[PDB]
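J.: This is the structure I want to talk about, given as C-alpha cells.
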Amino acid sequence: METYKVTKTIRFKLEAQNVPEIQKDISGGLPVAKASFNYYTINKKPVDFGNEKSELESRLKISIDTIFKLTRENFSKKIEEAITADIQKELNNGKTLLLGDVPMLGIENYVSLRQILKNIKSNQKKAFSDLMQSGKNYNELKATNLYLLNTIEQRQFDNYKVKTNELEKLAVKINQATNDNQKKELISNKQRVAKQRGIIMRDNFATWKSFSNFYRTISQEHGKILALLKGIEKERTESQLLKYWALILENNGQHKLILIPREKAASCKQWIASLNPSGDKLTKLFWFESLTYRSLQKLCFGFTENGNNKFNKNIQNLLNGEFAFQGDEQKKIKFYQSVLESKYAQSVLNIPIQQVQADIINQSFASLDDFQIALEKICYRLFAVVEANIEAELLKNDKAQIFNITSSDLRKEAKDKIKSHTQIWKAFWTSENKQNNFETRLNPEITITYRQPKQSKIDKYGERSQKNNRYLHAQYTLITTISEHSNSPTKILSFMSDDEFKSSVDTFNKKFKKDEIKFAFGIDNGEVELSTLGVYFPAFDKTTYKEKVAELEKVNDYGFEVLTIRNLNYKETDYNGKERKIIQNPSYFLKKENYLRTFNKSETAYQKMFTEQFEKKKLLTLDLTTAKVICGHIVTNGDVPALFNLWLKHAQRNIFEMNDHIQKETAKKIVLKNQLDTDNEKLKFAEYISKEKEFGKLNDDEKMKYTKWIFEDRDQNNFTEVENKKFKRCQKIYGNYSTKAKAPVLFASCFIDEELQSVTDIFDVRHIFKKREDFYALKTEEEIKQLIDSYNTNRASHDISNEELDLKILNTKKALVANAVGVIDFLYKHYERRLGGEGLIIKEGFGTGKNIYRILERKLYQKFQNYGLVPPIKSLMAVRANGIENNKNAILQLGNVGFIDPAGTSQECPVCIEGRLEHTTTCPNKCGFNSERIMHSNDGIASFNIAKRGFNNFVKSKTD
RNA sequence: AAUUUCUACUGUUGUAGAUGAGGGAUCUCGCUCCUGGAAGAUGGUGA
RNA sequence: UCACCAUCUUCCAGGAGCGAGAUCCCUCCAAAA
C-alpha cells in the first residue's frame, strides 16, 4: 500500500578538527550551535522583527464595562452591579486592568483580572466559612454582604449546616479517645462528608456555580495568549545562535561538516560556483538549494498587510490576499503558475526554469495537493563540485571550521549487520536515490549539542580504572532530521472534529477486503507475566469435532518453526581463558562465525554442538515472555535475565515504599512468608485484588467463599455458577495461586507490633516477587532470598534515590517490549510471505477506561506505521472511545489493528467450547481435543481463543 | 564495566528495538509553613 | 457560676512554598544590498 511522510530525528558523533570560533564558548546534551544548508534561510536575521509585544497588548487591555460581555454566563443585574462595585474598590490606585503577566507587559500599574476574581472568590468562601462556624441563622445570612451566597435558598443551607454540624460532631470524636482504627474510619467518613458538601456547594449554588464557570472561562483566553507569548519570546532569541552556513564535504568514503561565517557566505558561493561540475578527483563538495510550497505562501503573502514585503509590491497586478482565494483551487494554482511564469520571479527565485516550465507551468492538476507535491518534488536540488585543495582554501580564506562524523558502523564498511538507522544515512548518498528524485530527503536544518562527561564514573571508576569505555570524555553530538516517502501525500487525520474522524478512519478501513485476510494473531491480557501469543486461520472452522481435531492435527502444515535451548547451565572457555555462559547471550553459540573466532574450534565441532545443544519444534502458539529473535531464529528462552532484572526491581520498589510508608516508630513488623494461613490474612488479601465497589456486595460467607475460591481447589469447593460469576466480576487483577502450583509466589505481610491475628497489611507479593525454575541458573533460591532480605531491613542498601529506580524500571520495561516488537514483526513478515496476504493484529482492549500494555500498544503501532497499514494519528492513547463493552461480538478497528471485549478467558475449549479445560489435560467432555503436541503451556489456549473470537467478530463486522 | 542509541544483556569490534525533538497551558491529588475562626483538656478568677 | 488569663491538642476555612499525575496543543526550509 501507500506510504507516509514519516519524520525521524537522527544523530551522530562529532570530532573537532579545527574550531577557532566554536571553542570560544567551550548534565545532558546542551545546545551550542544550530546551522542550515540553505543560504537563503540564514537571511532571517533576528533584527528582522518588530515590537510584537505592543500589538498583543491590544488584546489584553480589557475595561470594566465590557467584562460581562466576555462570558456566556448570565447574571442578574444586581449581581452584576455588585461585581462592578467590588471592581470599583479594586479600581483604586492602579488603572491598567490586565490578564496578568510579567510587569514588562503592562508596567506596575497593572492589575490581574484572574487574581481579583480569585481574590473575591476566596473572601466570600472565608466569610461564609466563619459564619458557618459561628452558628448563625438564615436571617443573619440575609443581613450579610455575601451577595454570592445570601441569595441561597433557606432550604439548601439547612443541608449544609446540618452537614457542617456533622463535621463538628465527628471532629470531637477525633479530638478524643485517640483510637487509630476508628480515627481512620472517622477521617474517611468526614472525607466523604466533605466530598458531597463540595458537591452541594459546587452544584446547588447557582450564583456560586455560575461565577465558578465564569472564572473557569476567563482563564482559557489568558492560557491561550500566554502560550503565544512564551512561544514568541522563546523563538524570538535576540541573539539567536543561527549564524553559520552548512556545507557537505566527502573524502575517502567519509563525510565532513563545514560551517561558514555569514559575512563570508556571499563571496564564498561566488568562488564556489566557478569550479568544475564533475570528476573523480578524490575531494568532493556539496551544498543544498530548494524552494518550498510553504515558503511560497510566506513569500506571496503575509507581511503584505504590514507594508513591508517588497516582493508583492512588484506583483500587485498579478493579484486581494490569500483569503480572497475562497473555495477555488483553480484560482490559487493558476495564480501561482503566473507567479512562476512571471519573469520577474524567475530573475531572483533560484528554480529549474526549464523543468518548471515543462511540468508545472505546462500541466494542470486535479487537486491542490498534486500541485504542491510536484513543486517541492522538483524544487529540491543538490549541487556538487569536483576540485582538489578545496578545504585549505576554505580554511585559508573563509575562516571555516570543520568536524568529523563517526560511529560504530561507519568505521567498518566491510560487514553486513549494519544498524537500521545507518542505512538511511547511507542510502541517502546513493545514486538510486537521485534517480528516484530524492525520495529520501534531508531537511536543511541541523543541531549541535555538548555533553559534559558525568562526574560519577570519571575519577575512580573509569579513569583510574583504565577502562575501554568512552562516556567519561567530552563529546559533540550532531542532531538531524530526515524524511521518508516524501513523494507521497502528507495525509493528516489529526485536526478533524468528531463526526469527521470516524468517517476518515472508516474510509481508511475500506482499504482492507474481507476475502484478502488469510491469518489473524492474538494477544492475551494475562498479567501472570508479560503476555502470551497465538495465531489462527479460517480453515480451522470445520463442521464437526472430528474434522476440527483432524485439522488441528496439521501443525506441521500451518505452524512456525522454533529453536529451544536444551541445557541452561551450559558454559565454555574461550581462547583468552574466561568462562562464557550460554544463557547470558546465546548469540555467541549461534552465529557460526563468532563461535569459531572465539573458541578456535572446527566446523564439525560446531555442527555437533549445534545439534546437541538445541532442539527444533513447530507450534501454533508461543510464550512471548522470554521470546527473542537471534540471527533469523525464534527461541523461547532466549533472554532469561531480562525478566529477572524486572522482578528484582519490582521487589525493591514495593518493599522499599512499604518500609518508607511513614512507618515511623511503630513496630510494623514486615514478615515474608511463602503462604497465608489465617482467614484474616486471606480476607485482608482478596480485598486488594477486587473492586471495592463490587466487593461491598459480598457477605461474610461470600467473603469466606471468595477466599476459598482463591486459596483452595475449586474442583472440590463446589461453588455455584452464580458464585463463580460473582467472584469473577469481583476479581480485579487476573492471576493464579492454586495451592502451590508450578508458579509459586511469596507474600510480604506486615504484622503490627506483634502476631496479633486480627489486623494486618498485605500487599500482594504479585507486586513484589514471583518464583520461576529458570532463574536458578543465575542464582540459587537461597542466594535469591538472602539478597531480597537485604531490602527489608538494610537501609544502607538504599543508597540510590527513587529518581534512578523509576528510570531503571521504566527502561527495563522498554527493553522487554522492544524484544516483543521484534518477535511480532518477524512473525508477521513470515506469514505474509508464506501466504501472500495481510493479517490482523487483534489485542485485548485494555485501555484508559479500564502498564506495559499501554507501552506494548504504542511501540507496536509505530513499528507498523512505517509499513502504512494503519492511519496517521495524533496519539493512539488520545483516540480510543466507547464500543468496547458488554458484547462478545464487539470490535474496534484501526487498520489491521483491532480491540475486542475481555469476556470469557482460557477456560473455553477450542473444540467443544463449553467444557472447562486446562492445558495438558484432556477435554472433560471428551470431545477428543488434545493440547499435548499443539501448544506450549496453559496460556497458549487463551491466546488461541482470543484470535478465534476476534476473527469471527471482524467478519461479522459490517459497514453495510 | 567497548555504544548515535551507554537503552537493554554479555562485553576492548556481538543479538534485538529505537521519531523525537523541543516546548507549554489547564486541571486534580500528596507534603511543609502562615493567618483567622471553630472546638476541647487543665491551673488562677465569684458563690 | 462567669469574664479573662495559663497549658496543650483536635478541626475547618483561607494564603504561600514544595511534589506527583491526567489531559491537550504547538514546534521541526526562505531573503536582497
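Residue numbers start at 1 in each chain; chains themselves are named A, B, ... in the order of the C-alpha cells; ligands are numbered from 1 in the order shown.
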Run DSSP on the backbone and tell me which residues of segment 412-442 of chain A come out as alpha helix (DSSP H); list them as a PyMOL selection string.

T.: chain A and resi 420-429+431-435

J.: Kindly export the residues of the current selection with C-alpha atoms, as a PDB file, in the first residue's frame.

T.:
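Dumped to selection-v3.pdb:
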ATOM      1  CA  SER A 420      18.910   0.098  10.891  1.00  0.00           C
ATOM      2  CA  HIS A 421      19.343   3.903  11.249  1.00  0.00           C
ATOM      3  CA  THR A 422      22.706   3.884   9.435  1.00  0.00           C
ATOM      4  CA  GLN A 423      21.011   2.501   6.295  1.00  0.00           C
ATOM      5  CA  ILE A 424      19.124   5.736   5.894  1.00  0.00           C
ATOM      6  CA  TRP A 425      22.141   7.944   6.151  1.00  0.00           C
ATOM      7  CA  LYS A 426      23.986   5.681   3.779  1.00  0.00           C
ATOM      8  CA  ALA A 427      21.133   5.225   1.375  1.00  0.00           C
ATOM      9  CA  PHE A 428      20.900   8.972   1.096  1.00  0.00           C
ATOM     10  CA  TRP A 429      24.101   9.366  -0.847  1.00  0.00           C
ATOM     11  CA  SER A 431      22.768   7.276  -6.939  1.00  0.00           C
ATOM     12  CA  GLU A 432      19.495   5.328  -6.941  1.00  0.00           C
ATOM     13  CA  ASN A 433      18.021   7.933  -4.607  1.00  0.00           C
ATOM     14  CA  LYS A 434      18.914  10.641  -7.052  1.00  0.00           C
ATOM     15  CA  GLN A 435      17.351   8.615  -9.821  1.00  0.00           C
TER      16      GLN A 435
END

J.: Neighbours of segment 2-12 of chain B within 9 Å (only C-alpha atoms (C1' of nucleotides); same-chain residues fewer than 3 positions away dropped), as a PyMOL selection string?

T.: (chain A and resi 10-13+406-408+467-471+477-478+580-581+584-585+639+641-642+811-812+814-816+818) or (chain B and resi 16+18)

J.: Can you write out the residues you just picked, keeping C-alpha atoms (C1' of nucleotides), as a PDB file, in the first residue's frame?

T.:
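This is the output file part.pdb:
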ATOM      1  CA  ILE A  10      18.723  11.007  13.834  1.00  0.00           C
ATOM      2  CA  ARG A  11      22.134  11.728  15.405  1.00  0.00           C
ATOM      3  CA  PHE A  12      25.911  11.162  15.076  1.00  0.00           C
ATOM      4  CA  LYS A  13      29.237  11.617  16.936  1.00  0.00           C
ATOM      5  CA  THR A 406      31.803   8.958  13.053  1.00  0.00           C
ATOM      6  CA  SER A 407      30.015   5.853  14.529  1.00  0.00           C
ATOM      7  CA  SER A 408      30.470   2.122  15.313  1.00  0.00           C
ATOM      8  CA  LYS A 467      38.631   1.187  31.135  1.00  0.00           C
ATOM      9  CA  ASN A 468      37.956   0.887  27.365  1.00  0.00           C
ATOM     10  CA  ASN A 469      34.643   2.889  27.630  1.00  0.00           C
ATOM     11  CA  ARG A 470      34.281   6.493  26.298  1.00  0.00           C
ATOM     12  CA  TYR A 471      31.407   8.095  28.207  1.00  0.00           C
ATOM     13  CA  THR A 477      26.650  15.099  19.183  1.00  0.00           C
ATOM     14  CA  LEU A 478      25.048  16.115  15.895  1.00  0.00           C
ATOM     15  CA  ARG A 580      31.214 -17.690  28.875  1.00  0.00           C
ATOM     16  CA  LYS A 581      27.666 -18.785  29.939  1.00  0.00           C
ATOM     17  CA  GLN A 584      23.752 -14.765  29.277  1.00  0.00           C
ATOM     18  CA  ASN A 585      23.977 -14.223  25.498  1.00  0.00           C
ATOM     19  CA  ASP A 639      16.783 -13.996  27.445  1.00  0.00           C
ATOM     20  CA  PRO A 641      17.990 -12.271  32.645  1.00  0.00           C
ATOM     21  CA  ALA A 642      15.724  -9.528  31.247  1.00  0.00           C
ATOM     22  CA  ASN A 811      13.883   1.496  30.737  1.00  0.00           C
ATOM     23  CA  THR A 812      13.814  -2.197  31.808  1.00  0.00           C
ATOM     24  CA  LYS A 814      11.199  -0.651  27.384  1.00  0.00           C
ATOM     25  CA  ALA A 815      13.730  -3.393  26.715  1.00  0.00           C
ATOM     26  CA  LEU A 816      11.213  -6.251  27.019  1.00  0.00           C
ATOM     27  CA  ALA A 818      11.350  -3.933  22.346  1.00  0.00           C
TER      28      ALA A 818
ATOM     29  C1'   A B  16      17.305  -7.008  19.318  1.00  0.00           C
ATOM     30  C1'   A B  18      14.641   2.821  18.836  1.00  0.00           C
TER      31        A B  18
END

J.: Report as an MDAnalysis selection string all protein, DNA and RNA residues lying within 10 Å of residue 39 of chain B, evaluated on only C-alpha atoms (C1' of nucleotides), omitting residues in the same chain fewer than 2 positions from it.

T.: (chainID A and resid 133 168:169 171:172 175) or (chainID C and resid 10:11)

J.: Limited to C-alpha atoms (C1' of nucleotides), could you put the picked residues into a file as a PDB file, in the first residue's frame?

T.:
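Wrote out.pdb, looks like this:
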ATOM      1  CA  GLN A 133     -18.632  28.117  62.380  1.00  0.00           C
ATOM      2  CA  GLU A 168     -18.317  19.271  64.187  1.00  0.00           C
ATOM      3  CA  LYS A 169     -19.614  16.086  65.840  1.00  0.00           C
ATOM      4  CA  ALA A 171     -14.347  16.280  64.940  1.00  0.00           C
ATOM      5  CA  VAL A 172     -14.820  15.777  68.745  1.00  0.00           C
ATOM      6  CA  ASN A 175     -10.200  15.178  69.272  1.00  0.00           C
TER       7      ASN A 175
ATOM      8  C1'   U C  10      -8.033  18.435  67.524  1.00  0.00           C
ATOM      9  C1'   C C  11     -10.696  20.598  63.185  1.00  0.00           C
TER      10        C C  11
END

J.: Excluding same-chain residues fewer than 3 positions from residue 20 of chain B, what lies within 10 Å of it counting only C-alpha atoms (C1' of nucleotides), as a list in words?

T.: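 So the residues in contact are residues 7, 8, 9, 10 and 481 of chain A; 28 of chain C.
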
J.: Put those residues in a file: N, CA, C and O atoms (P, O5', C5', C4', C3', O3' and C1' of nucleotides), as a PDB file, in the first residue's frame.

T.:
ATOM      1  N   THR A   7       8.597  11.383   9.632  1.00  0.00           N
ATOM      2  CA  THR A   7       9.760  12.169  10.050  1.00  0.00           C
ATOM      3  C   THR A   7      10.530  11.401  11.117  1.00  0.00           C
ATOM      4  O   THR A   7       9.918  10.865  12.035  1.00  0.00           O
ATOM      5  N   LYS A   8      11.859  11.337  11.019  1.00  0.00           N
ATOM      6  CA  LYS A   8      12.713  10.655  12.001  1.00  0.00           C
ATOM      7  C   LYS A   8      13.919  11.511  12.355  1.00  0.00           C
ATOM      8  O   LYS A   8      14.796  11.720  11.523  1.00  0.00           O
ATOM      9  N   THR A   9      13.998  11.968  13.596  1.00  0.00           N
ATOM     10  CA  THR A   9      15.219  12.556  14.154  1.00  0.00           C
ATOM     11  C   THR A   9      16.304  11.489  14.232  1.00  0.00           C
ATOM     12  O   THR A   9      16.024  10.347  14.573  1.00  0.00           O
ATOM     13  N   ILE A  10      17.535  11.855  13.917  1.00  0.00           N
ATOM     14  CA  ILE A  10      18.723  11.007  13.834  1.00  0.00           C
ATOM     15  C   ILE A  10      19.914  11.804  14.368  1.00  0.00           C
ATOM     16  O   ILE A  10      19.850  13.024  14.526  1.00  0.00           O
ATOM     17  N   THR A 481      17.372  15.702  11.209  1.00  0.00           N
ATOM     18  CA  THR A 481      16.073  15.098  10.912  1.00  0.00           C
ATOM     19  C   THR A 481      15.900  14.833   9.431  1.00  0.00           C
ATOM     20  O   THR A 481      16.243  15.666   8.600  1.00  0.00           O
TER      21      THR A 481
ATOM     22  P     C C  28       8.780  25.553  13.303  1.00  0.00           P
ATOM     23  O5'   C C  28       9.630  24.240  12.959  1.00  0.00           O
ATOM     24  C5'   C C  28      11.018  24.176  13.237  1.00  0.00           C
ATOM     25  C4'   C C  28      11.552  22.765  12.994  1.00  0.00           C
ATOM     26  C3'   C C  28      11.221  22.244  11.602  1.00  0.00           C
ATOM     27  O3'   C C  28      12.104  22.804  10.643  1.00  0.00           O
ATOM     28  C1'   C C  28      10.940  20.560  13.289  1.00  0.00           C
TER      29        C C  28
END

J.: Can you pull out the residues contacting segment 42-49 of chain A? Cut-off 10 Å, using only C-alpha atoms (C1' of nucleotides), and skip same-chain residues under 6 positions away; I want them as a ChimeraX atom specification.

T.: /A:35-36,235-246,262,265 /C:29-32

J.: Find the spatial neighbours of segment 719-731 of chain A, counting only C-alpha atoms (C1' of nucleotides), within a cut-off of 10 Å - ignore same-chain residues fewer than 4 positions away - and output them as a VMD selection string.

T.: chain A and resid 686 to 698 702 to 703 705 to 710 714 to 715 735

J.: Next, dump the selected residues to file, keeping only N, CA, C and O atoms, as a compact mmCIF listing (two decimals), in the first residue's frame.

T.:
# COMPACT_ATOMS: atom_id res chain seq x y z
N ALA A 686 -7.68 -10.78 49.61
CA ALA A 686 -8.62 -10.77 48.49
C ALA A 686 -9.17 -9.38 48.23
O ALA A 686 -9.49 -9.04 47.08
N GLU A 687 -9.30 -8.57 49.28
CA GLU A 687 -9.74 -7.19 49.09
C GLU A 687 -8.81 -6.44 48.15
O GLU A 687 -9.26 -5.68 47.28
N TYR A 688 -7.50 -6.65 48.29
CA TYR A 688 -6.53 -5.95 47.45
C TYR A 688 -6.71 -6.29 45.98
O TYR A 688 -6.32 -5.51 45.11
N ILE A 689 -7.30 -7.44 45.68
CA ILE A 689 -7.37 -7.96 44.32
C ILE A 689 -8.80 -7.94 43.79
O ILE A 689 -9.15 -8.75 42.94
N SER A 690 -9.62 -7.01 44.26
CA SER A 690 -11.00 -6.91 43.81
C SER A 690 -11.44 -5.46 43.84
O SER A 690 -10.84 -4.62 44.51
N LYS A 691 -12.50 -5.17 43.10
CA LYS A 691 -13.06 -3.82 43.08
C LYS A 691 -13.87 -3.59 44.35
O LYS A 691 -14.83 -4.32 44.62
N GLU A 692 -13.49 -2.57 45.12
CA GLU A 692 -14.20 -2.26 46.35
C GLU A 692 -15.69 -2.07 46.09
O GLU A 692 -16.53 -2.46 46.90
N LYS A 693 -16.04 -1.46 44.95
CA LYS A 693 -17.44 -1.25 44.62
C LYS A 693 -18.20 -2.57 44.59
O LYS A 693 -19.22 -2.73 45.26
N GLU A 694 -17.70 -3.53 43.82
CA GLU A 694 -18.30 -4.86 43.77
C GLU A 694 -18.00 -5.68 45.01
O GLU A 694 -18.77 -6.59 45.34
N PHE A 695 -16.90 -5.39 45.70
CA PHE A 695 -16.55 -6.13 46.90
C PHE A 695 -17.61 -5.95 47.98
O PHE A 695 -17.99 -6.90 48.67
N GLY A 696 -18.11 -4.72 48.14
CA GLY A 696 -19.07 -4.44 49.19
C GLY A 696 -20.34 -5.25 49.10
O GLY A 696 -21.04 -5.41 50.10
N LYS A 697 -20.66 -5.77 47.91
CA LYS A 697 -21.88 -6.54 47.72
C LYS A 697 -21.77 -7.97 48.23
O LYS A 697 -22.78 -8.68 48.27
N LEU A 698 -20.57 -8.42 48.62
CA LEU A 698 -20.40 -9.76 49.16
C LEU A 698 -20.65 -9.76 50.66
O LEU A 698 -20.25 -8.83 51.37
N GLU A 702 -19.88 -15.07 51.74
CA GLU A 702 -19.35 -14.89 50.40
C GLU A 702 -17.88 -14.50 50.44
O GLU A 702 -17.08 -15.00 49.65
N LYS A 703 -17.52 -13.60 51.35
CA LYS A 703 -16.11 -13.26 51.52
C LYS A 703 -15.29 -14.49 51.88
O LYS A 703 -14.21 -14.71 51.32
N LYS A 705 -16.19 -17.62 51.19
CA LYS A 705 -16.20 -18.44 49.99
C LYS A 705 -15.24 -17.88 48.94
O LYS A 705 -14.55 -18.64 48.24
N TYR A 706 -15.19 -16.56 48.81
CA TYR A 706 -14.28 -15.94 47.86
C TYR A 706 -12.84 -16.30 48.18
O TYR A 706 -12.07 -16.66 47.28
N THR A 707 -12.45 -16.24 49.45
CA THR A 707 -11.10 -16.63 49.83
C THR A 707 -10.82 -18.08 49.48
O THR A 707 -9.78 -18.40 48.89
N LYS A 708 -11.74 -18.99 49.84
CA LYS A 708 -11.56 -20.38 49.47
C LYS A 708 -11.53 -20.54 47.95
O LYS A 708 -10.72 -21.30 47.42
N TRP A 709 -12.39 -19.80 47.25
CA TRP A 709 -12.34 -19.81 45.79
C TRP A 709 -10.98 -19.35 45.29
O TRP A 709 -10.60 -19.68 44.16
N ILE A 710 -10.25 -18.60 46.10
CA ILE A 710 -8.92 -18.13 45.71
C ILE A 710 -7.85 -19.13 46.14
O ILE A 710 -7.13 -19.69 45.31
N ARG A 714 -10.81 -25.36 43.49
CA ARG A 714 -12.19 -25.09 43.11
C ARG A 714 -12.92 -26.33 42.62
O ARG A 714 -14.16 -26.29 42.52
N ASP A 715 -12.21 -27.41 42.32
CA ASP A 715 -12.87 -28.65 41.92
C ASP A 715 -13.56 -29.35 43.07
O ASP A 715 -14.51 -30.10 42.84
N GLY A 735 -5.03 -13.65 37.97
CA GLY A 735 -3.85 -14.36 38.41
C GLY A 735 -4.21 -15.76 38.89
O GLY A 735 -5.37 -16.17 38.84

J.: Would you mind telling me which residue in C:13, C:18, C:26, C:8 lies nearest to chain A when using only C-alpha atoms (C1' of nucleotides)?

T.: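 So, comparing all the options, the nearest one is C:13.
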
J.: Counting only C-alpha atoms (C1' of nucleotides), which of A:819, A:330, A:165, A:112 gets nearest to residue 38 of chain B?

T.: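 Under the stated criterion, the closest residue is A:165.
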
J.: Looking at C:14, C:1, C:24, C:9, which one is nearest to residue 127 of chain A, with distances taken over only C-alpha atoms (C1' of nucleotides)?

T.: C:14

J.: Segment 462-604 of chain A: which residues are strand (DSSP E) by DSSP, as number ranges by chain?

T.: A: 476-484, 519-523, 533-536, 560-565, 571-573, 579-581

J.: Produce a file of the selected residues containing N, CA, C and O atoms, as a compact mmCIF listing (two decimals), in the first residue's frame.

T.:
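Resulting contents of out_38.txt:
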# COMPACT_ATOMS: atom_id res chain seq x y z
N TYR A 476 30.72 15.75 21.24
CA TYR A 476 29.99 16.55 20.34
C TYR A 476 28.99 15.73 19.58
O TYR A 476 29.41 14.92 18.75
N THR A 477 27.69 15.90 19.84
CA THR A 477 26.65 15.10 19.18
C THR A 477 25.85 15.97 18.24
O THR A 477 25.31 17.00 18.66
N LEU A 478 25.76 15.55 16.98
CA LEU A 478 25.05 16.11 15.89
C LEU A 478 23.62 15.65 15.90
O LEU A 478 23.40 14.44 15.99
N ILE A 479 22.64 16.55 15.82
CA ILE A 479 21.23 16.18 15.73
C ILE A 479 20.68 16.70 14.41
O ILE A 479 20.83 17.87 14.06
N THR A 480 20.03 15.81 13.67
CA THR A 480 19.48 15.94 12.38
C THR A 480 18.12 15.33 12.25
O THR A 480 17.73 14.51 13.08
N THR A 481 17.37 15.70 11.21
CA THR A 481 16.07 15.10 10.91
C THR A 481 15.90 14.83 9.43
O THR A 481 16.24 15.67 8.60
N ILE A 482 15.37 13.66 9.11
CA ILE A 482 15.19 13.03 7.86
C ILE A 482 13.74 12.75 7.59
O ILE A 482 12.94 12.65 8.53
N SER A 483 13.33 12.57 6.38
CA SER A 483 12.06 12.22 5.89
C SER A 483 12.06 10.95 5.09
O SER A 483 13.07 10.65 4.44
N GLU A 484 11.02 10.19 5.07
CA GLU A 484 10.73 9.04 4.31
C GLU A 484 9.50 9.18 3.46
O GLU A 484 8.49 9.69 3.95
N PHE A 519 -4.87 -14.66 7.80
CA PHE A 519 -4.44 -15.07 9.12
C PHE A 519 -4.69 -13.94 10.10
O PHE A 519 -4.77 -12.77 9.72
N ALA A 520 -4.80 -14.30 11.37
CA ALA A 520 -5.01 -13.32 12.43
C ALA A 520 -4.30 -13.79 13.69
O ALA A 520 -4.50 -14.93 14.13
N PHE A 521 -3.50 -12.98 14.29
CA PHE A 521 -2.84 -13.13 15.52
C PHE A 521 -3.75 -12.82 16.68
O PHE A 521 -4.90 -12.43 16.48
N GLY A 522 -3.24 -12.97 17.90
CA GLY A 522 -3.98 -12.56 19.08
C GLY A 522 -3.08 -12.41 20.29
O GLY A 522 -2.20 -13.24 20.52
N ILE A 523 -3.24 -11.42 21.09
CA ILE A 523 -2.53 -11.04 22.25
C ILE A 523 -3.37 -11.18 23.48
O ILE A 523 -4.40 -10.51 23.57
N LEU A 533 0.78 -15.19 23.30
CA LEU A 533 0.56 -15.02 21.91
C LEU A 533 -0.07 -16.21 21.23
O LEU A 533 0.21 -17.34 21.62
N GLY A 534 -0.89 -15.97 20.20
CA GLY A 534 -1.47 -17.04 19.41
C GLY A 534 -1.77 -16.57 18.00
O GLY A 534 -1.73 -15.38 17.70
N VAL A 535 -2.08 -17.54 17.14
CA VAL A 535 -2.40 -17.29 15.74
C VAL A 535 -3.57 -18.17 15.33
O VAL A 535 -3.86 -19.17 15.99
N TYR A 536 -4.24 -17.80 14.24
CA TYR A 536 -5.40 -18.54 13.78
C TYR A 536 -5.50 -18.47 12.26
O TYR A 536 -4.96 -17.56 11.63
N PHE A 560 4.81 -22.58 12.78
CA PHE A 560 6.04 -21.90 12.67
C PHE A 560 7.16 -22.57 13.43
O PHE A 560 6.93 -23.03 14.55
N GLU A 561 8.34 -22.65 12.92
CA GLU A 561 9.50 -23.29 13.41
C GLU A 561 10.07 -22.55 14.59
O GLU A 561 9.92 -21.32 14.66
N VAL A 562 10.73 -23.17 15.51
CA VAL A 562 11.31 -22.68 16.70
C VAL A 562 12.50 -23.48 17.17
O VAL A 562 12.52 -24.70 16.98
N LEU A 563 13.47 -22.90 17.79
CA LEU A 563 14.60 -23.43 18.44
C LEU A 563 14.53 -23.32 19.94
O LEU A 563 14.22 -22.23 20.44
N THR A 564 14.83 -24.39 20.67
CA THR A 564 14.76 -24.38 22.12
C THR A 564 16.11 -24.77 22.70
O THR A 564 16.74 -25.72 22.23
N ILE A 565 16.58 -24.10 23.70
CA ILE A 565 17.74 -24.37 24.45
C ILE A 565 17.56 -25.65 25.22
O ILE A 565 16.51 -25.83 25.85
N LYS A 571 28.21 -23.90 29.61
CA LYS A 571 29.23 -22.93 29.58
C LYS A 571 30.50 -23.42 28.95
O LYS A 571 30.73 -24.63 28.89
N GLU A 572 31.37 -22.57 28.51
CA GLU A 572 32.59 -22.78 27.83
C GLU A 572 33.68 -21.81 28.21
O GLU A 572 33.42 -20.81 28.88
N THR A 573 34.87 -22.02 27.79
CA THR A 573 36.06 -21.26 27.91
C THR A 573 36.60 -20.83 26.58
O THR A 573 36.74 -21.69 25.70
N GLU A 579 35.43 -17.85 31.37
CA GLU A 579 34.18 -18.58 31.16
C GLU A 579 33.11 -17.70 30.49
O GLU A 579 32.85 -16.59 30.93
N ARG A 580 32.44 -18.24 29.47
CA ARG A 580 31.21 -17.69 28.87
C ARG A 580 30.04 -18.59 29.23
O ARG A 580 30.14 -19.80 29.03
N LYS A 581 28.91 -18.04 29.69
CA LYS A 581 27.67 -18.79 29.94
C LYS A 581 26.64 -18.51 28.84
O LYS A 581 26.25 -17.37 28.63

J.: Compile the residues of chain A that lie within 8 Å of chain C, evaluated using only C-alpha atoms (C1' of nucleotides), and express the compilation as number ranges by chain.

T.: A: 38, 40-41, 43-44, 122-123, 125-126, 129-130, 168, 171-172, 174-176, 290-292, 295, 443-445, 481
